[PDB]
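Following: one structure in structure tokens, then a few remarks.
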Amino acid sequence: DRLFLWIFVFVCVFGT
Amino acid sequence: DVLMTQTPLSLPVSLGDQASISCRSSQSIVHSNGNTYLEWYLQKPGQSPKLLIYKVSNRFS
Amino acid sequence: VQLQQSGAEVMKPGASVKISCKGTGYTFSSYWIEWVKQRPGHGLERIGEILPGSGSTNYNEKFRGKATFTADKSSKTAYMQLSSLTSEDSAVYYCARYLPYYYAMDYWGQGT
Amino acid sequence: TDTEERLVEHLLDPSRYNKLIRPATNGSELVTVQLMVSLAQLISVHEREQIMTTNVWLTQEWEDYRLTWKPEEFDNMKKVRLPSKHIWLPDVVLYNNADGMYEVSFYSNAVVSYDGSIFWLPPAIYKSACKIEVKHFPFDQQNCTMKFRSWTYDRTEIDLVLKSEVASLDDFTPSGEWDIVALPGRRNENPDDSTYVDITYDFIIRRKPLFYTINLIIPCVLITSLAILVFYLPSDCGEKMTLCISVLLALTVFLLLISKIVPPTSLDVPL
Amino acid sequence: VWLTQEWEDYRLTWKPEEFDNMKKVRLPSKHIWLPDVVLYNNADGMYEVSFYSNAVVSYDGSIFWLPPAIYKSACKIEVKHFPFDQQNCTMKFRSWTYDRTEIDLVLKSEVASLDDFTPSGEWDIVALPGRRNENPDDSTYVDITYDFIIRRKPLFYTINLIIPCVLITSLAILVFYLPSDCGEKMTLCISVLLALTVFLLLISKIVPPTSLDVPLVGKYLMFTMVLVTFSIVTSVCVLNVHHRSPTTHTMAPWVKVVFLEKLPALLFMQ
Amino acid sequence: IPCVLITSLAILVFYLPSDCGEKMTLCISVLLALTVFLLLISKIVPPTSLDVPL
Amino acid sequence: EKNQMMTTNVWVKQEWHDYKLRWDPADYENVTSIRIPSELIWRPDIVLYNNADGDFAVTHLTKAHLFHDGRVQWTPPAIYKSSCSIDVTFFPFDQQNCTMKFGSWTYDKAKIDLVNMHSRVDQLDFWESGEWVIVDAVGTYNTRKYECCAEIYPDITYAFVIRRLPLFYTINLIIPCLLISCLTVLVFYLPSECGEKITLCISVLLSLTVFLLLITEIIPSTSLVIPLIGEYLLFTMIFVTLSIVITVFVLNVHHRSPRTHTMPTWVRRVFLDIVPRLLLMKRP
Amino acid sequence: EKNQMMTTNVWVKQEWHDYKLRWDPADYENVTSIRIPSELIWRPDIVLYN
Ligand SMILES: *[C@@H]1O[C@H](CO)[C@@H](O[C@@H]2O[C@H](CO)[C@@H](O[C@@H]3O[C@H](CO)[C@@H](O)[C@H](O)[C@@H]3O)[C@H](O)[C@H]2NC(C)=O)[C@H](O)[C@H]1NC(C)=O
Ligand SMILES: *[C@@H]1O[C@H](CO)[C@@H](O)[C@H](O)[C@H]1NC(C)=O
Ligand SMILES: CC(=O)OCC[N+](C)(C)C
């Protein structure tokens, strides 16, 4: 869960 | 499909004697418009059927 | 009015035959055409019906797949095509006019 | 042609042909009008607002003795085309229309024979009210009528007659949603009026039920099939309320959708 | 709009001193020759002006005609930057009777007039230039086209679409912080997906159904929906892993090595 | 009144115990209802740039 | 598509000869042509046969161009609302074929005959929609007899083959449907102790049903063909209903105890030896 | 109900006397009545107030 949380943070923040 | 059974299979009656044929259906054949669509046809040998009665209360001209 | 049917046909088992019914003296497209089968023994069995004006057709349970109806509006004729034939199919076939829920089937063909 | 224009000028000459006057002879004799409806297309049936829309050709035939000529005096011409707005017409209209449009759409030419016969076959798009029966939807059969009357002349001035006892389907395009069953026409009088005459056609149409079967009935049956499962679900799993409330919600939504499809009448409930 | 039209008709001249010094008069436009100038790119098939008002004729033959019209013109709607978009809806005028050999169309001014304009409230006017066009290969073609450059005011659609979507998207990641014992991961992720889908459908109902481009907001919603579907699959997998016991599964040694030792150190978990 | 009724529920999630396992249901349902009301009110009385309904 | 009706803005180009509208330009200052109101002269009565919710005939009545040799050129504009049967089997990747039949209403072939000015429909001033593209628009000349009348009436029928651009409905319907369909099998990997299987399967079923209804809002209510997307959605709904039934049964099995149930020996052997081995799952 | 409006389809029967539209039917082949376009004669201006 923590790994996927990190990945999703990165993808969402880079979704600029 | 609706099933119609006619009785008797044969009806012997001498000339001038009233005849009665009974016709019964698998289920009711009534219609909304207030009419029942039942019809009677006769077939003499070697000839196509002929219309006698439609909407039994009525009679073909 | 008059309904005229084609002539007699003799076919081999497994063959295909096509009967015709030509109506005149009335609006051909606005009346259903009823097809009736009568084996020599006894019994009038209705095969189905077709409305020439549209392409609508109905078949009885026993004759589904066995019989196919078509109509020609230009030449006021209706056709019944019978599938692979069997000795059980030998009979006299009639064509008749019909308007459901109103004046009903007062005219017949001579039979084929 | 010079002869044709001479004839047309002679026929429609306003000095000796008044189009406001019935072509009546023999004093109290009446003008006989033959009517025949040909159906080209059943454009739509709108159950919600209870309207049928059709494209029909309305054949109207009568005799005008004033529009006669001798062919030998006009280069042997047998018939001519005349504008329908310049000759007397029987004002035959659709009485039970919705949208308040009584007349035909186009007003084409009338074909006129040298003996006074008039042929008029104008096209029309008609919207007519009809009573929608919802009981057996979507396996329902509808009976929508088209009443034709003259709104100028009564039975003492013209007589409406049927060319045929059924409507014509010779140039019909099939619907794809509604199947035609019968199109009988009837001429109705009133024994207590003596000035009333109409010609009515009954459009007996039968819905093709596959579309609404697939899109309403099967989903409804599927949802209903879940209604029993709550009593086989163990109480420990903690999901009974979810299931039963969800089924209730789905059923209510389908009921509302059906209520939006059928007309909002109270004479019957769809099964 | 008012479709101002001016031309000279030499047959409508008079000497003022012979008519009490009158300099101009009003004539019904039905009774004089008109140029049949109408809108060609109209939708609904309405070409002509509305009323056919009176024309003002000067003693030298100058005609001034200012009829009103309600026009429905087709225009290409660009949805890429919705709801902060600006549209460019053109308006082509031509004579449907006379070609270039018979009448020449000319612009009185390079821009349309706003002297009697009532602001819309949802669309801002940016520019209304007009331009006269000829066809070098036809030589009988002439038209005047006005470009209506308008800008949407985005507060309404901001409030009603954008900010709700931002709030919903902010929750798309919370599922991975929710503990598996609380028994509510599916509720959250399924709700998020359904909300995103509902807003996508609403937008699809608002914009035209054209395929020339996609709106940026629609692309963003689609991307988020795919991410949330992925999160739902991952949450099902995580729940399956969480409810494992020695009586139904055996932990492979590599699972230990990786997940209990190496990955925790990388993620600062311990 | 329906808006006030819905709004009054926004604080309850913080008095709901964690053991009952219904916090998400409550807060998500409140958010859904509020969004529906915002959309409906906008349909009735659309907010424009100059003024937004209170 | 829902109402099965096409609306087009066209120019109806007509040209015929009038034997009375002839003059010698040398007698009128070399005037070779003029524009006259079309309501002052004879015109053919061309009508649209398959009119649906519109006008049968041209109503605008612009000016005709009359040439000194009797030639009359008339090009009025028209907006037509015609009927055409819609085939949505392959929606949104579908191609339609909507026809327009034109013919003189009261003049048979011996009095007025039609001629194809040019087989194709001119598109030199066409306004692109962004939703449909015209593949082919050709007019075909026909003649036929009607019951009304003893003579032959000609007509020209134009067939408009138009192809939909599928990106918009792809993005807005297909992808959401596929994303929801991906979730239809997830319930069977979910553990029974999480207490959420019913939530997931019910949500999927309801989402699919809403999508089916939304689709039905678009397609016509015809019964000749079934859209493939509708069939797909209905079969998915059927299988999700089966999945809910199976999930209820599985939850009932999971929560059994010796104090309430007894395990048949055949269940023991089958579902603890044979099926586990065939599914590549071995008990500790 | 939402818009508080009622739509109806009615026939507005009207009947009055015109002192100039009189004739002796004996003088006209016993013609006792005729139908004429209503736009040629005087008509009352009855209007629906609400
Ligand atoms: C479709 O609707 C029409 C109109 O409601 C139905 O027409 C009506 O049919 C009934 C039954 O045939 C007629 O009543 C019968 O009339 C005959 C002759 O007068 C009389 O002998 C019978 O005792 C009975 O009273 C009725 O007059 C007729 N109405 C009109 C206006 O024509 C029609 O039956 C319906 N068709 C279907 C298939 O539902
Ligand atoms: C379109 O329909 C017309 C007439 O039905 C037919 O001739 C033509 O082949 C059709 N075109 C296509 C592409 O189906
Ligand atoms: C004579 C006449 O008007 O006929 C109309 C019908 N049509 C177009 C089939 C011939």
Side-chain angles (χ1 to χ4, degrees), chain B residues 30-37 54-55 57-59, chain C residues 99-104, chain D residues 36 38 40 56-61 79 81-82 84 96 104 106-112 118-124 130-131 133 140-147 168 170-171 173 181-191 198-206, chain G residues 45-50 56-57 84-85 87 94-109 111-112 134-140 142-155 157-163:
Chain B
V30 302
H31 210 66
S32 300
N33 79 344
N35 290 320
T36 189
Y37 303 110
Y54 67 94
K55 291 188 286 185
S57 170
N58 298 106
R59 183 193 326 120
Chain C
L99 192 68
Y101 315 132
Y102 296 84
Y103 42 70
Chain D
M36 204 226 67
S38 191
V56 309
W57 310 342
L58 188 57
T59 313
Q60 293 164 241
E61 288 168 272
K79 46 181 69 168
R81 270 59 167 180
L82 292 180
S84 57
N96 72 316
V104 299
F106 172 36
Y107 278 94
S108 54
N109 290 327
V111 187
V112 179
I118 317 300
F119 181 81
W120 194 38
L121 185 43
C130 65
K131 308 140 136 52
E133 321 296 346
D140 50 321
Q141 177 183 278
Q142 305 306 334
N143 178 355
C144 297
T145 76
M146 290 193 85
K147 193 164 87 75
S168 178
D170 289 345
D171 310 290
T173 307
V181 179
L183 314 168
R186 197 173 92 169
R187 172 183 182 283
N188 310 297
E189 285 174 308
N190 205 343
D198 77 19
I199 283 167
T200 306
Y201 286 90
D202 292 342
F203 284 31
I204 310 305
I205 55 180
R206 186 195 300 140
Chain G
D45 56 346
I46 311 301
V47 303
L48 174 74
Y49 280 68
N50 53 316
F56 286 96
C84 68
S85 45
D87 186 342
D94 55 301
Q95 175 180 108
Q96 300 311 326
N97 187 357
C98 292
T99 68
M100 308 184 65
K101 183 179 167 178
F102 292 90
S104 162
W105 199 249
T106 79
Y107 285 111
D108 57 278
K109 193 184 181 292
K111 313 203 168 292
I112 284 174
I134 296 174
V135 174
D136 192 58
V138 181
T140 301
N142 308 106
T143 77
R144 60 166 300 185
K145 186 184 178 297
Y146 304 87
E147 167 215 293
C148 72
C149 318
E151 304 84 15
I152 300 302
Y153 278 80
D155 70 75
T157 311
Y158 295 88
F160 285 89
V161 182
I162 48 168
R163 190 165 44 70

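A, B, ... follow the sequence lines: proteins, then strands. Residue 1 opens every chain. Atoms within a ligand are numbered from 1 in the order they appear, just like the ligands themselves.
- Close contacts between ligand 2 and G:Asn97 involve ligand atoms 1 (C), 2 (O), 3 (C), 8 (C), 10 (C), 11 (N), 12 (C), 14 (O) [criterion: under 4.0 Å to a heavy atom].
- By the definition of a contact as any protein heavy atom under 4.0 Å away, atom 14 (O) of ligand 2 is in contact.
- Taking a cutoff of 4.0 Å between a charged side-chain nitrogen and a carboxylate oxygen, D:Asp171 and G:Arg144 qualify as a salt bridge.
- Remark: the backbone N or O of G:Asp87 is paired with a side-chain donor or acceptor of G:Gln96 at under 3.5 angstrom.
- Every atom of ligand 3 is numbered from 1 in the order shown, and the set under 4.0 Å from a heavy atom of D:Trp57 is 9 (C).
- A 4.5 Å side-chain heavy-atom check between C:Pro100 and B:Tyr37 finds every atom pair outside the cut-off.
- Assignment of D:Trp120 to the shell around ligand 3 is not supported, since no heavy atom sits closer than 4.0 Å.
- For atom 7 (O) of ligand 2, the protein comes within 4.0 Å by no heavy atom at all.
- Neither side chain, D:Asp202 nor C:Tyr101, offers a donor N or O lying under 3.5 Å from an acceptor on the other.
- For atom 5 (O) of ligand 1, no protein heavy-atom neighbour is present inside the 4.0 Å cut-off.
- In terms of modelled atom types and a separation under 3.5 Å, the side chain of D:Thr200 and the main chain of D:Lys147 share no donor-acceptor contact.
- No side-chain N or O of D:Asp170 forms a donor-acceptor pair with one of D:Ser38 less than 3.5 Å apart.
- Within a 4.0 Å radius of atom 4 (C) of ligand 2, the protein contributes no heavy atom.
- Checked by atom type and distance alone, the side chain of D:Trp120 never pairs as donor or acceptor with a backbone atom of D:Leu58 at under 3.5 Å.
- Set against the non-hydrogen atoms of D:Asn143, the atoms of ligand 1 under 4.0 Å away are 1 (C), 2 (O), 3 (C), 33 (C), 35 (C), 36 (N), 37 (C), 39 (O).
- Of the protein's heavy atoms, G:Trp105 O, 3.9 Å lies nearest to atom 7 (N) of ligand 3.
- Other residues, nucleotides and ligands contribute at most 12 non-hydrogen atoms within 6.0 Å of the NZ atom of D:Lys131.
- Counting protein heavy atoms under 4.0 angstrom from atom 24 (C) of ligand 1 gives zero.
- When distances from atom 37 (C) of ligand 1 to the protein are checked, a heavy atom turns up under 4.0 Å.
- A donor-acceptor distance shorter than 3.5 angstrom exists from the side chain of D:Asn96 to the backbone of D:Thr145, with no hydrogens or angles considered.
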Go through G:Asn142 and G:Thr140 one step at a time and tell me if the side chain to side chain donor-acceptor pair (under 3.5 Å) criterion holds. CA-CA 6 Å; G:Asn142 308 106; G:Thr140 301; 5.7 Å; no
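- Listed by number with element, the atoms of ligand 1 under 4.0 angstrom from any heavy atom of B:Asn33 are 34 (O), 39 (O).
- Of all protein heavy atoms, the one closest to atom 13 (C) of ligand 1 is D:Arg186 NH1, 4.6 Å.
- Within a 4.0 Å radius of atom 11 (C) of ligand 1, the protein contributes at least one heavy atom.
- Protein heavy atom nearest atom 7 (O) of ligand 1, with residue, atom name and distance: D:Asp202 OD2, 4.3 Å.
- Atoms of ligand 1 found under 4.0 Å from any heavy atom of C:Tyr102 (numbered from 1 in listed order, with element): 33 (C), 35 (C), 36 (N).
- Protein non-hydrogen atoms do reach within 4.0 Å of atom 27 (O) of ligand 1.
- The aromatic ring centroids of G:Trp105 and G:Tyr153 lie 6.0 Å or more from each other.
- In this structure, atom 30 (C) of ligand 1 has a protein heavy-atom contact shorter than 4.0 Å.
- Note that atom 33 (C) of ligand 1 has protein non-hydrogen atoms nearby, at separations under 4.0 angstrom.
- Scanning all protein heavy atoms for the shortest distance to atom 1 (C) of ligand 3 gives G:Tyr153 OH, 3.4 Å.
- Checking atom 19 (O) of ligand 1 against the protein gives no heavy-atom contact under 4.0 Å.
- Checked by atom type, the side-chain pair G:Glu147/D:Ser168 shows a donor-acceptor distance below 3.5 Å.
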Check the pair G:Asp45 / G:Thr106 against side chain to side chain donor-acceptor pair (under 3.5 Å), numbers first and verdict last. CA-CA 7 Å; G:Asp45 56 346; G:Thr106 79; 3.2 Å; yes
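- Looking at B:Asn35 against ligand 1, only its side chain comes within 4.0 Å, counting heavy atoms.
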